[PDB]
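Below is one structure, written out as structure tokens; the observations come after it.
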Protein chains: 2
Amino acid sequence: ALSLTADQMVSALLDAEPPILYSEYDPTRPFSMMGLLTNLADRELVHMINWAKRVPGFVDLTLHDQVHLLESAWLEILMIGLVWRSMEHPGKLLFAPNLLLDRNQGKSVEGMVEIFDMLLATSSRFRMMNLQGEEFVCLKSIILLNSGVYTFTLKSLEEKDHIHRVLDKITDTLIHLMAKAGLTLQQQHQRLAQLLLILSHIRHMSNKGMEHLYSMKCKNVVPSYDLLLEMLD
Amino acid sequence: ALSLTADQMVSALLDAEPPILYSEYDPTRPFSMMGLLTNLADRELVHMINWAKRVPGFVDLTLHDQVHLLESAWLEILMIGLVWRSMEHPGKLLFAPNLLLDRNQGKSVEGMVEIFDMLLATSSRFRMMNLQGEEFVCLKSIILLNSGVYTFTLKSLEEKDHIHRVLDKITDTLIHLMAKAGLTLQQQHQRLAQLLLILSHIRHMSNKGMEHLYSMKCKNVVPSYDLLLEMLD
Ligand SMILES: Cc1c(O)ccc2c1CCN(CC(C)C)[C@@H]2c1ccc(/C=C/C(=O)O)cc1
Ligand SMILES: Cc1c(O)ccc2c1CCN(CC(C)C)[C@@H]2c1ccc(/C=C/C(=O)O)cc1
């Protein structure tokens, strides 16, 4: 994992990519949005577990630390995937290929249009930077490893060190991609910073969404430690 | 502002630095924590306004955009200052020089120990990286310009462009500092990434704190648009 070259890191991330899923509704029947969005997120989560297990370095950690990282990052990971999928659809969010929604459609749930807006703005930022697919898979892996690393014994000290070494290797990889693309050293650092600073906004979006989900006060909303543990163990 | 050299950028940021404030309690009387923390935050905010006006590029923006940026970033800015001040005090948060609190002291307010923990962990990360004062002022300015830039007309398009150009100049500056310190190009990119990724965790902490403050449901807690506008106008 730490002996991978930049090209090998990229290949491994592209190969791990999950599929794009469809919403489950009868397309021959007349057009609940939260129902549809919950079911889609439930099914994406299963595939996210399989993806995470294929990110280099991730299965080297303890199962408890794998669960902690996924618990912290899962909604950010869903959100970056949505933003990426929606990039060439100005003004719309491509939740699935059969579920392409505008901001007015989010107005149907109290608190949701604000989240829809923030997601559309991130998509439009990605569009303005001309984000590449190889840069997106790197960013997504960085979210997985970084989002829970500050909230965790000799074992833990070793786990945090390894997570930081893996993160350094993905930073190396990003820079390599930008060098292969022909950017100057100045441009390279500038773009790296631009990309990482968007991750702060993705955190914010997830925190805002988590607050909505927690406020629903429902045992079938938000995956528990135990469900994540069962799926990962 | 965009014509500043890296050295000039650093000098200007160091010069803008606000003072460290004291808690207001009678030190001769027996030892409310939330009272003391609110009063301290109220007074720090005034000084933060003056600081922000001295960050290069910031007064070039519209007053409405200055207010939006401060509204989004103020608690993150207080939190990064606390973490920096607390760096050489393992296990304790130096809220002020006369108010140095451990995690057990945070247990006195329902929900606060969790926030205290996250802040102690960030301080300990800064300690492990050996963060330098010149890097800290850069990071703090980056928070100010970045945290509200994705949530904002021809004027706005021009304002977001300028904010991104200012941010690129601070990225250049960071890298220059790390080059002056003797780091390799590889180390330079790696450390830049490490530093920016901590900003995501600072966002998360602020979101968690904002939720506590909003849940107090009090007109004298959280600065309004109008108060920020009055202080900045
Ligand atoms: C990015 C994304 C998806 O790809 C799929 C669903 C949702 C989002 C972001 C917006 N979000 C809605 C936001 C208000 C958070 C959708 C969502 C809806 C329900 C659940 C519930 C999951 C569960 O309860 O286990 C999670 C996310
Ligand atoms: C970093 C920091 C300070 O330097 C000063 C106070 C506080 C923090 C972080 C933790 N925080 C407590 C957290 C629960 C947010 C403190 C705080 C307390 C009250 C207020 C209220 C301000 C207002 O109501 O205008 C703001 C921050």
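Please note which helices (runs of 4 or more DSSP H) are completely contained in segment A:4-91 and include at least 1 residues that are on the phi < 0 side of the Ramachandran plot and within 16 Å of ligand 1 (Cβ to nearest atom). Don't jump to the end; show me each part of the working.
Numbers: elements: A:6-15, A:33-52, A:63-85.
Because the criterion is at least 1 residues that are on the phi < 0 side of the Ramachandran plot and within 16 Å of ligand 1 (Cβ to nearest atom), the helices (runs of 4 or more DSSP H) in segment A:4-91 that meet it are A:33-52, A:63-85.
May I ask you to list pairs of residues, at least six apart or on different chains, whose Cβ atoms are under 7 Å apart, with the first in segment A:75-96 being over 16 Å from A:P19 (Cβ atoms) and the second being among the acidic types (D, E)?
Pairs found: A:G91/A:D102; A:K92/A:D102.
What number of residues within segment B:92-129 are closer than 30 Å to B:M9 by Cβ and in a strand (DSSP E or B)?
4
Answer with yes or no whether A:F58 is buried (at least 19 other Cβ atoms within 10 Å of the Cβ), farther than 26 Å from A:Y25 by Cα and of a type in the set (F, W, Y).
Values: buried (at least 19 other Cβ atoms within 10 Å of the Cβ): yes; farther than 26 Å from A:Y25 by Cα: yes; of a type in the set (F, W, Y): yes.
For A:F58, the condition - buried (at least 19 other Cβ atoms within 10 Å of the Cβ), farther than 26 Å from A:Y25 by Cα and of a type in the set (F, W, Y) - is met.
Tell me, which residue of segment B:104-129 that is within 14 Å of chain A (Cβ to nearest Cβ) and in contact with a strand residue (DSSP E or B) (Cβ under 9 Å, 6 or more places away or on another chain) is surrounded by the most Cβ atoms within 10 Å (Cβ to Cβ)?
Of the residues in segment B:104-129, the ones within 14 Å of chain A (Cβ to nearest Cβ) are B:111, B:113-129.
Pick out the ones that are also in contact with a strand residue (DSSP E or B) (Cβ under 9 Å, 6 or more places away or on another chain) and you get B:116, B:119-120, B:123.
Values: B:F116: 19, B:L119: 21, B:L120: 20, B:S123: 24.
Within segment B:104-129, the match that is surrounded by the most Cβ atoms within 10 Å (Cβ to Cβ) is B:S123.
Hand me the list of helices (runs of 4 or more DSSP H) wholly inside segment A:130-233 holding 2 or more residues that are buried (at least 16 other Cβ atoms within 10 Å of the Cβ), away from ligand 2 (no atom under 16 Å from the Cβ) and within 12 Å of chain B (Cβ to nearest Cβ). Talk me through it step by step, then tell me what you get.
Working: elements: A:133-146, A:154-180, A:185-216, A:225-232.
Fully inside segment A:130-233 and qualifying: A:133-146, A:154-180, A:185-216.
Values in this text are rule-based calculations from the coordinates and carry no lab data. Using ideal geometry, Cβ is built from the backbone for each residue, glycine included, and neighbour counts are taken over all protein chains shown.
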